[PDB]
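Here is the structure we will look at.
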Amino acid sequence: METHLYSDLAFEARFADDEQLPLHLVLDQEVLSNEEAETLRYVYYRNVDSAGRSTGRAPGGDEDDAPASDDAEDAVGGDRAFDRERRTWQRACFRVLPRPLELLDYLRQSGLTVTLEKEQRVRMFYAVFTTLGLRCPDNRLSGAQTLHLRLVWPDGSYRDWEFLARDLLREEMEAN
Amino acid sequence: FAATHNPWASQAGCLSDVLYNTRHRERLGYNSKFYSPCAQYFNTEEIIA
Amino acid sequence: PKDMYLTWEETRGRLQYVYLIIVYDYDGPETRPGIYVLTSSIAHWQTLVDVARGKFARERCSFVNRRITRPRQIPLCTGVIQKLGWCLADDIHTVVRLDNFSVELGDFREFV
Amino acid sequence: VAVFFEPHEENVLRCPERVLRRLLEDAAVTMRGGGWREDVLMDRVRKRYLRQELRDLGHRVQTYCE
Amino acid sequence: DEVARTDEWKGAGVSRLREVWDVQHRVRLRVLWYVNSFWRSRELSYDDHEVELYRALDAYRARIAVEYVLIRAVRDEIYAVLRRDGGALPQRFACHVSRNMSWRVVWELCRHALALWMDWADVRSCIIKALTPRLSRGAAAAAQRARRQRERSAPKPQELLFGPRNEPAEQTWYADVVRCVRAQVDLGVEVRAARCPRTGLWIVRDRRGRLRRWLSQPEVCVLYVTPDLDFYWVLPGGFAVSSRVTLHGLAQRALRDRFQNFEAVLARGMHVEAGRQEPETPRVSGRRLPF
């Protein structure tokens with residue numbers, strides 16, 4: 001719970017350099033296993049734009065459109081392709097609660113006041129509270145953007161889930 | 001109290017170093033029977049020792 | 001006094017040092033300072049302050065909350081440690097009082 | 001009792017009398033254009049989004065008619 | 001009273017909980033919507049024309065399809081070199097063989113296994129997993145240094161008599177094991193391999209040193225890839241066909257977007273020294289009291 005407020009205020013204070021918008025999430029047994037959620041090191045997100053590459057590169061053109069050409073020496077470009085690939089990810093905050101709970105009764109056990117339209121009392125065995133950012137380039141925002149959720153365990157392996165921006169804001173953007 | 005009065009013969013990796021430092025003469029290949037009267041001035045592998 | 005006494009221990013350390021600790025809880029409107037007498041097996045000051053910070057972080061968040069909710073009023077401190085001496089683990093007596101007490105009137109050492 | 005051959009770098013397995021090589025080439029060129037196993041995922045997500053938006057049209061035609 | 005944003009954040013509460021899926025409909029994660037976020041007070045506009053969704057689905061199609069078009073390139077290279085040599089393949093892997101044996105049926109089983117492996121390709125396979133060390137950080141200088149150390153001249157007696165002492169006869173190979181007695185395909189397989197010094201062929205063992213014993217089984221077929229992207233496809237009897245995997249018909253940033261190997265940063269319980277034996281994981285667990 002406690003990470004959502006902090007990330008809200010952080011994206012508020014960092015809004016003029018990048019116009020990211022907060023995206024407070026919860027993950028549960030439908031996503032990753034409890035053995036995976038007990039050793040989950042950190043998360044990773046990336047605001048890939050609507051039509052093209054990503055946010056962490058030049059808008060028009062780069063030196064990564066070229067073929068790899070199957071060489072041994074600079075197999076994929078060299079180190080600069082590694083730097084471009086490392087720069088485009090941003091680290092979101094992270095908080096995992098590895099005990100079974102109910103979300104609404106948890107938030108009422110904290111100070112918040114959930115007023116849901118009908119009792120969708122969701123139950124889960126472990127709740128990891130994550131909070132991504134999604135970009136608006138101008139103050140408007142296209143629905144054709146997508147996200148890339150990257151979950152990292154300390155062995156080096158990862159998993160990737162992707163979803164668009166349209167389904168995220170299908171009703172809540174239409175509620176404002 | 002100048003820096004060096006023979007800057008072809010003093011820097012580590014110059015000519016008269018690599019011609020007369022005995023480690024460099026081992027890495028060049030030389031007859032050890034021939035005595036060189038400059039060996040006593042450029043053996044800073046052992047002069048430092 | 002049974003009310004002011006507390007510890008975070010099984011009190012099975014041999015040399016039980018004592019420590020006066022007060023805090024400043026700003027959840028009340030003015031202040032609700034919880035005065036406390038604290039024994040401990042631990043003797044060094046700084047690591048004891050770190051354990052107390054681990055135990056009293058609610059008063060620290062209350063302290064920062066007082067700082068944001070009232071800028072003109074200066075927050076004074078958060079708490080002050082002062083050791084008094086040391087005893088033995090059998091010298092306690094359940095009002096809990098001590099039969100022997102070596103004294104050491106230490107200094108008011110603040111902490112946040 | 002058993003008889004065999006020790007392996008080498010100069011022993012060669014020949015083509016199978018070109019009666020099976022031709023069906024190998026048939027299987028090569030009958031699958032140059034077909035299921036690429038790439039747009040099958042696009043097919044699944046397009047079918048699922050199409051079902052979703054068609055059911056949304058059902059909710060819209062059921063409520064906006066009132 | 002300059003009342004804090006935290007208290008109005010909590011007492012403002014959360015509007016509604018909305019779940020959402022991913023694009024492949026695999027995971028389903030839930031999203032909260034707090035009212036006291038600054039999301040409301042920026043007055044954002046929002047619109048989605050359909051051509052942008054079409055281009056987004058095409059770009060996501062490319063991002064999913066890069067692996068399978070690499071596998072299709074592998075299959076095309078196999079068939080290309082199999083037409084190119086004329087059907088005559090050598091034995092590159094050590095296995096004792098018999099002369100009186102039916103071999104056309106092994107060709108039939110090889111075609112069958114090839115079609116089966118093309119049916120069951122996946123992103124967790126040989127060429128992708130062997131490609132992940134190639135995309136790494138220090139791969140460029142490592143391959144350059146290995147190339148220079150390979151392409152060094154014959155040493156004179158000077159560096160042998162006074163210079164420093166000179167100096168990987170085994171390799172870390174990756175394998176896809178397919179098998180048609182049960183139609184069971186095995187994807188992520190690691191094989192230790194080196195040369196047999198009595199001959200010129202390869203010996204394939206486990207990391208334990210099992211001397212991997214599927215090559216005698218007449219029904220399996222294996223694909224081998226090496227870290228220098230040398231290619232091998234071995235039917236039973238030790239005969240195999242070799243090539244190079246060609247990725248030059250593919251973009252670069254797609255390959256780094258898809259499965260570029262990860263680099264980690266420092267968290268708690270990690271050595272600020274580089275490369276020592278770390279202690280255990282942080283391991284925030286629910287079996288203990290969380291302390």
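Labels used: A, B, ... for chains in the order of the structure tokens, numbers from 1 for residues in each chain, and numbers from 1 for ligands as shown.
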Selection near residue 84 of chain C, 12 Å with only C-alpha atoms, sequence-local residues under 4 positions removed, as a PyMOL selection string: chain C and resi 16-21+37-40+43+101-108
Go ahead and write the selection's residues with N, CA, C and O atoms as a PDB file, in the first residue's frame.
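Saved the output as selection02.pdb:
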ATOM      1  N   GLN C  16      22.921  -5.844  32.869  1.00  0.00           N
ATOM      2  CA  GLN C  16      21.797  -5.082  32.352  1.00  0.00           C
ATOM      3  C   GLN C  16      22.055  -3.605  32.611  1.00  0.00           C
ATOM      4  O   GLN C  16      21.918  -3.135  33.743  1.00  0.00           O
ATOM      5  N   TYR C  17      22.438  -2.884  31.566  1.00  0.00           N
ATOM      6  CA  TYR C  17      22.491  -1.438  31.638  1.00  0.00           C
ATOM      7  C   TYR C  17      21.080  -0.870  31.593  1.00  0.00           C
ATOM      8  O   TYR C  17      20.158  -1.496  31.072  1.00  0.00           O
ATOM      9  N   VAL C  18      20.919   0.332  32.135  1.00  0.00           N
ATOM     10  CA  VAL C  18      19.628   1.004  32.147  1.00  0.00           C
ATOM     11  C   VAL C  18      19.731   2.275  31.323  1.00  0.00           C
ATOM     12  O   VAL C  18      20.808   2.845  31.146  1.00  0.00           O
ATOM     13  N   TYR C  19      18.588   2.710  30.803  1.00  0.00           N
ATOM     14  CA  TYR C  19      18.545   3.895  29.960  1.00  0.00           C
ATOM     15  C   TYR C  19      17.223   4.613  30.160  1.00  0.00           C
ATOM     16  O   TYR C  19      16.159   4.004  30.026  1.00  0.00           O
ATOM     17  N   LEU C  20      17.294   5.899  30.483  1.00  0.00           N
ATOM     18  CA  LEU C  20      16.118   6.755  30.445  1.00  0.00           C
ATOM     19  C   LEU C  20      15.883   7.153  28.999  1.00  0.00           C
ATOM     20  O   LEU C  20      16.801   7.635  28.329  1.00  0.00           O
ATOM     21  N   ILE C  21      14.666   6.953  28.512  1.00  0.00           N
ATOM     22  CA  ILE C  21      14.299   7.399  27.178  1.00  0.00           C
ATOM     23  C   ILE C  21      12.959   8.110  27.253  1.00  0.00           C
ATOM     24  O   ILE C  21      12.004   7.596  27.844  1.00  0.00           O
ATOM     25  N   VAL C  37      11.603   4.228  31.253  1.00  0.00           N
ATOM     26  CA  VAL C  37      12.858   3.681  31.752  1.00  0.00           C
ATOM     27  C   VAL C  37      13.095   2.365  31.029  1.00  0.00           C
ATOM     28  O   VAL C  37      12.172   1.557  30.866  1.00  0.00           O
ATOM     29  N   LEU C  38      14.305   2.185  30.515  1.00  0.00           N
ATOM     30  CA  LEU C  38      14.594   1.067  29.633  1.00  0.00           C
ATOM     31  C   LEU C  38      15.869   0.386  30.080  1.00  0.00           C
ATOM     32  O   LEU C  38      16.931   1.013  30.101  1.00  0.00           O
ATOM     33  N   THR C  39      15.768  -0.886  30.430  1.00  0.00           N
ATOM     34  CA  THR C  39      16.969  -1.679  30.592  1.00  0.00           C
ATOM     35  C   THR C  39      17.363  -2.297  29.262  1.00  0.00           C
ATOM     36  O   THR C  39      16.557  -2.400  28.334  1.00  0.00           O
ATOM     37  N   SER C  40      18.626  -2.701  29.174  1.00  0.00           N
ATOM     38  CA  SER C  40      19.122  -3.366  27.982  1.00  0.00           C
ATOM     39  C   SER C  40      20.398  -4.100  28.335  1.00  0.00           C
ATOM     40  O   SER C  40      21.168  -3.661  29.191  1.00  0.00           O
ATOM     41  N   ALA C  43      25.235  -2.174  25.594  1.00  0.00           N
ATOM     42  CA  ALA C  43      25.881  -1.090  26.313  1.00  0.00           C
ATOM     43  C   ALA C  43      26.327   0.059  25.433  1.00  0.00           C
ATOM     44  O   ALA C  43      26.366   1.193  25.908  1.00  0.00           O
ATOM     45  N   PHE C 101      22.578  -0.930  42.573  1.00  0.00           N
ATOM     46  CA  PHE C 101      22.587  -0.121  41.361  1.00  0.00           C
ATOM     47  C   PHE C 101      23.869   0.701  41.349  1.00  0.00           C
ATOM     48  O   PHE C 101      23.997   1.668  42.104  1.00  0.00           O
ATOM     49  N   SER C 102      24.807   0.302  40.501  1.00  0.00           N
ATOM     50  CA  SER C 102      25.898   1.189  40.133  1.00  0.00           C
ATOM     51  C   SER C 102      25.331   2.394  39.401  1.00  0.00           C
ATOM     52  O   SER C 102      24.444   2.258  38.558  1.00  0.00           O
ATOM     53  N   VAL C 103      25.845   3.574  39.709  1.00  0.00           N
ATOM     54  CA  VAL C 103      25.338   4.789  39.091  1.00  0.00           C
ATOM     55  C   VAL C 103      26.319   5.256  38.027  1.00  0.00           C
ATOM     56  O   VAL C 103      27.523   4.980  38.084  1.00  0.00           O
ATOM     57  N   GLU C 104      25.769   5.901  37.000  1.00  0.00           N
ATOM     58  CA  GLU C 104      26.569   6.642  36.030  1.00  0.00           C
ATOM     59  C   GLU C 104      25.644   7.707  35.448  1.00  0.00           C
ATOM     60  O   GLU C 104      24.898   7.426  34.507  1.00  0.00           O
ATOM     61  N   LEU C 105      25.713   8.915  35.993  1.00  0.00           N
ATOM     62  CA  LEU C 105      24.864  10.004  35.519  1.00  0.00           C
ATOM     63  C   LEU C 105      25.446  10.492  34.202  1.00  0.00           C
ATOM     64  O   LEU C 105      26.273  11.401  34.151  1.00  0.00           O
ATOM     65  N   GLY C 106      25.010   9.861  33.119  1.00  0.00           N
ATOM     66  CA  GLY C 106      25.460  10.213  31.795  1.00  0.00           C
ATOM     67  C   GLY C 106      24.821  11.490  31.291  1.00  0.00           C
ATOM     68  O   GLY C 106      24.136  12.220  32.008  1.00  0.00           O
ATOM     69  N   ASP C 107      25.049  11.749  30.014  1.00  0.00           N
ATOM     70  CA  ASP C 107      24.647  12.998  29.392  1.00  0.00           C
ATOM     71  C   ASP C 107      23.325  12.850  28.648  1.00  0.00           C
ATOM     72  O   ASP C 107      22.940  11.760  28.219  1.00  0.00           O
ATOM     73  N   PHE C 108      22.623  13.975  28.506  1.00  0.00           N
ATOM     74  CA  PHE C 108      21.464  14.036  27.624  1.00  0.00           C
ATOM     75  C   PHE C 108      21.952  13.938  26.187  1.00  0.00           C
ATOM     76  O   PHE C 108      22.440  14.919  25.621  1.00  0.00           O
TER      77      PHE C 108
END
Show which residues sit within 10 Å of residue 141 of chain E, as a PyMOL selection string. Count only C-alpha atoms, and ignore same-chain residues fewer than 4 positions away. (chain A and resi 73-74+78-79) or (chain E and resi 137+145-147)
Restricting it to N, CA and C atoms, dump the selection as a PDB file, in the first residue's frame.
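Listed below is the output, out37.pdb:
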ATOM      1  N   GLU A  73      32.612  -9.966 -34.382  1.00  0.00           N
ATOM      2  CA  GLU A  73      33.317  -8.909 -33.664  1.00  0.00           C
ATOM      3  C   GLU A  73      32.351  -7.985 -32.934  1.00  0.00           C
ATOM      4  N   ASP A  74      31.372  -7.445 -33.645  1.00  0.00           N
ATOM      5  CA  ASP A  74      30.458  -6.483 -33.048  1.00  0.00           C
ATOM      6  C   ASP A  74      29.037  -6.990 -33.203  1.00  0.00           C
ATOM      7  N   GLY A  78      27.733  -3.610 -30.985  1.00  0.00           N
ATOM      8  CA  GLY A  78      28.779  -3.360 -30.026  1.00  0.00           C
ATOM      9  C   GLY A  78      28.169  -2.994 -28.694  1.00  0.00           C
ATOM     10  N   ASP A  79      28.917  -2.259 -27.881  1.00  0.00           N
ATOM     11  CA  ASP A  79      28.429  -1.862 -26.572  1.00  0.00           C
ATOM     12  C   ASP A  79      27.369  -0.774 -26.629  1.00  0.00           C
TER      13      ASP A  79
ATOM     14  N   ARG E 137      27.219  -7.731 -22.383  1.00  0.00           N
ATOM     15  CA  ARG E 137      27.977  -6.495 -22.244  1.00  0.00           C
ATOM     16  C   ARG E 137      29.373  -6.626 -22.831  1.00  0.00           C
ATOM     17  N   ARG E 145      39.213 -10.286 -28.598  1.00  0.00           N
ATOM     18  CA  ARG E 145      40.402 -10.829 -27.965  1.00  0.00           C
ATOM     19  C   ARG E 145      40.602 -12.289 -28.335  1.00  0.00           C
ATOM     20  N   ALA E 146      39.511 -13.054 -28.428  1.00  0.00           N
ATOM     21  CA  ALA E 146      39.615 -14.438 -28.872  1.00  0.00           C
ATOM     22  C   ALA E 146      40.033 -14.527 -30.330  1.00  0.00           C
ATOM     23  N   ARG E 147      39.596 -13.575 -31.154  1.00  0.00           N
ATOM     24  CA  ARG E 147      40.021 -13.546 -32.546  1.00  0.00           C
ATOM     25  C   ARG E 147      41.498 -13.195 -32.662  1.00  0.00           C
TER      26      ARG E 147
END
Give me the segment 62-159 of chain E side of the contact with segment 167-178 of chain E, cut-off 9 Å, one line per residue showing its nearest atom pair and distance in Å at one decimal, counting only C-alpha atoms, sorted by chain and residue number, as JSON lines.
{"residue": "E:113", "atom": "CA", "partner": "E:178", "partner_atom": "CA", "distance": 6.7}
{"residue": "E:114", "atom": "CA", "partner": "E:178", "partner_atom": "CA", "distance": 8.6}
{"residue": "E:116", "atom": "CA", "partner": "E:178", "partner_atom": "CA", "distance": 7.9}
{"residue": "E:117", "atom": "CA", "partner": "E:178", "partner_atom": "CA", "distance": 6.5}
{"residue": "E:125", "atom": "CA", "partner": "E:176", "partner_atom": "CA", "distance": 6.6}
{"residue": "E:126", "atom": "CA", "partner": "E:175", "partner_atom": "CA", "distance": 5.4}
{"residue": "E:127", "atom": "CA", "partner": "E:174", "partner_atom": "CA", "distance": 7.9}
{"residue": "E:129", "atom": "CA", "partner": "E:174", "partner_atom": "CA", "distance": 7.4}
{"residue": "E:130", "atom": "CA", "partner": "E:174", "partner_atom": "CA", "distance": 6.3}
Take the residues just selected and output them with N, CA and C atoms as a compact mmCIF listing (two decimals), in the first residue's frame.
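Here's the written file again_35.txt:
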# COMPACT_ATOMS: atom_id res chain seq x y z
N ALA E 113 11.14 -36.11 -38.07
CA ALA E 113 11.59 -35.35 -36.91
C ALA E 113 11.79 -33.88 -37.24
N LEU E 114 12.21 -33.58 -38.47
CA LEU E 114 12.40 -32.20 -38.87
C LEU E 114 11.06 -31.46 -38.93
N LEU E 116 8.39 -32.34 -37.26
CA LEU E 116 7.90 -32.28 -35.89
C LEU E 116 8.56 -31.15 -35.12
N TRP E 117 9.86 -30.95 -35.33
CA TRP E 117 10.57 -29.89 -34.63
C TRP E 117 10.13 -28.53 -35.12
N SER E 125 14.37 -22.06 -26.83
CA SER E 125 14.92 -23.10 -27.69
C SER E 125 16.42 -22.90 -27.83
N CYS E 126 17.00 -23.57 -28.83
CA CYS E 126 18.44 -23.63 -29.00
C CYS E 126 19.02 -22.28 -29.39
N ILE E 127 18.58 -21.75 -30.52
CA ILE E 127 19.22 -20.59 -31.13
C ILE E 127 19.01 -19.33 -30.30
N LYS E 129 18.57 -19.27 -26.91
CA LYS E 129 19.36 -19.40 -25.69
C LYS E 129 20.85 -19.30 -25.96
N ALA E 130 21.30 -19.80 -27.11
CA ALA E 130 22.68 -19.59 -27.50
C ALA E 130 22.93 -18.18 -27.98
Report as a tab-separated table: every residue of chain E with an atom at most 6 Å from chain D, its closest pair of atoms, and their distance in Å to one decimal, counting only C-alpha atoms, with rows sorted by chain and ascending residue number.
residue	atom	partner	partner_atom	distance
E:65	CA	D:38	CA	5.3
E:87	CA	D:15	CA	4.3
E:88	CA	D:14	CA	4.4
E:89	CA	D:13	CA	5.6
E:90	CA	D:12	CA	4.4
E:94	CA	D:7	CA	5.7
E:95	CA	D:7	CA	5.8
E:96	CA	D:6	CA	5.0
E:97	CA	D:5	CA	5.2
E:98	CA	D:4	CA	4.5
E:104	CA	D:16	CA	5.7
Spatial neighbours of residue 166 of chain E, 12 Å, only C-alpha atoms, chain gap at least 2 places, as a list in words: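 These residues fall inside the cut-off: residues 149, 152, 155, 159, 160, 161, 162, 163 and 164 of chain E.
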Give the answer as one residue: which of E:22, E:219, E:278, E:1 has the shortest atom-to-atom distance to residue 69 of chain C, using only C-alpha atoms?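 Distance minimum relative to residue 69 of chain C lands on E:1.
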